[PDB]
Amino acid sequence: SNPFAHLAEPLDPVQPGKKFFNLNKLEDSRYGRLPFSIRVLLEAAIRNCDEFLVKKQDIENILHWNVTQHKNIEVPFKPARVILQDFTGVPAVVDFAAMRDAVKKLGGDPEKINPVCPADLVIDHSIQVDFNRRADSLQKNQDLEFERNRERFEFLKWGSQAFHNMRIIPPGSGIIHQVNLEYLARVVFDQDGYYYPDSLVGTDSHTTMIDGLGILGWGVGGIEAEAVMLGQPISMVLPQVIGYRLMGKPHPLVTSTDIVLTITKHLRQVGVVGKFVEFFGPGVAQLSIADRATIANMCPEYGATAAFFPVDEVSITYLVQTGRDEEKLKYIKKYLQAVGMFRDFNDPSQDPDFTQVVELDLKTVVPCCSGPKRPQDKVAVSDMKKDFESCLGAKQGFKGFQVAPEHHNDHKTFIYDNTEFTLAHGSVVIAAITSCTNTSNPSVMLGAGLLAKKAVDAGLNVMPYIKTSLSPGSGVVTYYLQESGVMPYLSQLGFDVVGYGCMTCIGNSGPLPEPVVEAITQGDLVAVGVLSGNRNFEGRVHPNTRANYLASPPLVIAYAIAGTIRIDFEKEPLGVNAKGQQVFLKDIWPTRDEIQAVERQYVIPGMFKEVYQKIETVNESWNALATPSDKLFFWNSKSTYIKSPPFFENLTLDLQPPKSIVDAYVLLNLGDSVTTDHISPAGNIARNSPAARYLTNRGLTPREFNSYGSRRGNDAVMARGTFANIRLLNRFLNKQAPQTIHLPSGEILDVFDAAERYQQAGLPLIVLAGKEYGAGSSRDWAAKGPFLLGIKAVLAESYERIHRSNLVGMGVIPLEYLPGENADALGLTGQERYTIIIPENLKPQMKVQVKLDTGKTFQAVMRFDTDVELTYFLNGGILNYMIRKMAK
């Protein structure tokens, strides 16, 4: 039985069937001092207590958080729901389909593979910026999206009918996290007579954005999301919780982008890897939900697991503003107050006992950008001309392009649209208002529109060759932009709506005009992309921009007008208004009270109702797609998009006792913070690449290749794209090249091809890496890929959260150097042969010895963090375990 059933009571005498687990009735004083994020974990456990998967001791361990956060103990977490996007959605539905096949083959019931909790899939990663600057670019971009992606869309639509509790938001709707904030989020579930907190895991590293609204949720890899969808609790070490105290008032010209950029730099310097961040202080109450979500969004960019903003009165008002039903609205607040998860940020006696406390004074926040190559390299707007000019002559790296001093004023004239332009170092060639990070915030969006209005009024313009775009996260933004009369002014400056999806933010930035590309490559120019996203690593925005800066939407427009980032806005005018002479950025920048006025009068409940009323049925191309009535998928042999994966090939019911890895070669010797885009690229498939050869052999031409993202349903392509990033720094070669050495023969080969040589001779493989291995995106192909390449272990100094879990879920051992030890300190060259002794009895985070062919040995920490993770390893992976659990 549930040993906590005596806690269940009516929330309201008048609607008596609707109960909740009243946590205050624990009569435990520890509860009221808990961080609010831990309180949600506590509720999830209490409601789910059965004594098999969620035990009574687990509840006691969570209540005792204050002590047990230091005892490295594991706790179950069952989230209320799952959210997916299309890039991770396809491979997730392919593995569900493959699990059905596998269950059936063991004589089980294929119907047991079905989501038991609600799952939402938003299709937002497919559309690209092919056309811009016109009223018709939206239709033309959506048309192209459908033509390119028809087969994957047919497969996803199939999935939504073949699996229970799968809702699809079709293409053209918006971006996963924005749609989540505005529409999908419940905040409080009302389910089978029970109220409980909304909480979630998403297959996207930025799922943390929902934490701004007070829903506990974070990114997991696809295989973890599948386990969760099948009823399996996440197993996690009980986290420490950093309290982040916000104080004072931000300056009236400060955007929420300035704040998040400041917080990123700061939290990256405190180091919060493996930890929860909870916000509190007087400052939080002044921040709108949109502002909170922006801070919570960039959570993976500063390394925290979650960035939680407890539900308060600002949250309630956001729910009424976005047109949540008044029926729901009554019990949402009333429940949170009764259970003790309703916050008052202006009450210091309500503050939890945090692990420790880091502060930020909001008046110290200045207008700023991040770049040119990392999200944490925050640079003030006042200092942008000086910083970029320093970057020009500086040693190549995160803050250098080392262009020779005599070449600092290189430029190239070009002809676009029959007129002559000049391009120089620092010239803006992409100016994109993208990203759910900022388009969910009417303050920066209307701020940008009012800046545009005042700029057109002052006679300013954006030169026609600049790739300017607006990619809103929902139809709601287009609606209020038009309603406020601000849209025609954004149109004029080249910021017509180009589509609803990730687009520039994820790297789907489209082509640049050919004369512009020839100017950049001819004069070796450092061309600049300015964007309102959260990621600016030197691969990911556009192949032709060497510098990319994160900036608030109004700054995006300002730099587009300027045409360059080599400007000192306070000293040099943007243009001359014939009449009233010189016009500075100061003169056209709107304050937070002109914006707030426009926001109160145009961002209204009726607008959200109309946009989301028809959300699922409005797409006529989607509605028209034919899908089979099948419950088991008919794998088409002709398909280059959907392929039955090899993972569960020859799966047995009985467990295999895991063997030592004997004499492995090092396939790759990698450095610090190798990202999941290096391990598993999502964009362009290069002409000289193994994936390109596989595709050419199936009759495809380069323009049909599509992205690596779109092919995540085809393991053959995805394996060939593993470590296929053109900027991969393999320390075997000491240059940027997606290649390695096949050590027995000495030949340099593309990484897939070297792996195949090793595999065919039956040789096991490992990877060596430095700090923060696997940073960024959540893609589980960063673990499946290496698994199919024959990689049995990784040895790194540290791992990022999601990636480590994905390695474990694929049966790869994540090994870690003992603190103070690494490849240089142990004298590893990467040329030795590695034996990893896996003992008969395993323990979380145990030390194992590593023997070398040279006779040398050392120790590494085996990074299975909990007992259930050890079980996943014993089973050869998380899904193999789930198949077995379902089969019997």
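We number the residues from 1 along the sequence you see.
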Problem set entry | Entry-level comparison of average CA B-factors, 457-465 and 573-581, reporting the higher stretch | 573-581
Exercise. Mean C-alpha B-factor higher for 86-94, or for 563-571?
Worked result: 563-571
For this session: Among the candidates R711, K735, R186, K373, give the one with the maximum CA B-factor reported in the record.
Result: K735
Seminar exercise, completed: When the entry's CA B-factors for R804, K249, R292, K643 are compared, the highest one belongs to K249
For this session: Name the third of the chain's ranked CA B-factors that contains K55, choosing lowest, middle or highest.
Result: highest
Problem set entry | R47 by Cα B-factor - lowest, middle or highest third of the modelled chain | middle
Problem set entry | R133, C-alpha B-factor rank within chain (lowest, middle or highest third) | middle
For this session: Comparing against every modelled residue in the chain, figure out the third that the C-alpha B-factor of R546 lands in (lowest, middle or highest).
Result: lowest
Exercise. Mind checking which third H411 falls in for C-alpha B-factor across the chain?
Worked result: middle
